[PDB]
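Taking the form deposited in one PDB entry, here's one chain by itself in structure tokens.
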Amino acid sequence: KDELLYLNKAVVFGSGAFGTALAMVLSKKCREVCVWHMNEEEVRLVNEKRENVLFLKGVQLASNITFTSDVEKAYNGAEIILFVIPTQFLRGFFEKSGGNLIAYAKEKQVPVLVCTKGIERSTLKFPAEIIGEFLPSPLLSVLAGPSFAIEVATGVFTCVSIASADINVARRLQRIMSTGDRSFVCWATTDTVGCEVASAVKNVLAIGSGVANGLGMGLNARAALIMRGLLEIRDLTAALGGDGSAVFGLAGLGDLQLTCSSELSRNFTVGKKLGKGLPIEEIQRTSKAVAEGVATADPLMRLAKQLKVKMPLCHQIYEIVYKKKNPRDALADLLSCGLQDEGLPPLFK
């Protein structure tokens, strides 16, 4: 079935750049799209201006997108639910505001699409695992790929993966999310673990790429970091029981290479500033958008230690981000290994 599905209503819990961008996609597919934001005064401003002046400036909202601070008005009648709340705020949302949403989603068996990327600080859980404490796992699918919000929001060609345990669920969602003007194209997979691992780790690597840039290194170095970094995604995926199909697909390779290669990435930008010598405390004090890699770096290290997975690049980035290791010392220690084989396994016999 290559034919598109359309809905009466979608709800997006996530008022940031990406939640808004995905609301813009859904506006083409749904009669009505509701976006939930926590602050009522800010909601009124966004609705009045027909522009998310908080988190996606310069993009006029479609008329069929409405912001609200009322969780129940947001989800009522929704036929798909998207979560795009940043990782470290997801749990709080369900604890504070999620009770009746949970009962609704369960009652009406509403598909949930997790678009958040990262690892939660103390629990070491991926976003879908956080959500899985509150909602049944069969309702949960994962969206992941190279999808900068500004390009997605304005309908510039974008490919993403949708992962679900059951491939027929992924294929249905692919028909809901994909657009007939071919601006947003989804590809189905079952590798939910590979998708979420790649998504979380790629943000940490992107800080590394930004550090390289800030230190005055070039495009050759960036390419080397992407290539060696993907190995870390691959090894963690294997240790966590993922089948690894996502690693060299849109969620892994595609998103990793995208995020490591542009200042549009908030994580890249954090890296650049660290490489130029700013402390993380000042970066984060003056930042108006979430850089998930910052909070992910520590729980990623703890998870990898637990599973005995060596992640040399992510380890040094963690040292820079959380232990104030001078980026030049981190670089030196990274390259202290001496000469080696590329060391990749054959794909073929």
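For every residue, the number given is its place in the sequence shown, counted from 1. Here the rigid core means the biggest group of C-alpha atoms that line up within 1.5 Å when the two forms are laid on top of each other.
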{"property": "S287: gap in at least one third of other compared structures", "result": "yes"}
{"property": "Residue range whose averaged C-alpha B-factor is higher in the record, 115 to 123 or 141 to 149", "result": "115 to 123"}
{"property": "Between 278 to 286 and 295 to 303 (mean CA B-factor, as deposited), the higher", "result": "278 to 286"}
{"property": "Selection by C-alpha B-factor (highest) of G229, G98, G218, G249", "result": "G98"}
{"property": "Per the PDB entry, maximal CA B factor within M38, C30, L61, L56", "result": "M38"}
{"property": "Third of the chain, ranked by Cα B-factor, where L26 sits", "result": "lowest"}
{"property": "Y104, C-alpha B-factor rank within chain (lowest, middle or highest third)", "result": "middle"}
{"property": "Third of chain Cα B-factors occupied by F268", "result": "lowest"}
{"property": "B-factor third for the C-alpha atom of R222 within its chain", "result": "lowest"}
{"property": "Entry-reported Cα temperature factor of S245, expressed as the chain third it lands in", "result": "highest"}
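Another form, the form deposited in another entry, is not on view; read the next lines as being about it.
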query	finding
Sole member of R172, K273, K125, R234 with a C-alpha shift of at least 2 Å between the shown form and the other one (core-superposed)	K273
Residue shift check between the shown form and the other one, rigid core fit, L54 Cα at least 2 Å	no
Did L215 shift 2 Å or more between the shown form and the other one, C-alpha, core superposed	yes
Rigid core superposed: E263 CA moves 2 Å or more between the shown form and the other one	yes
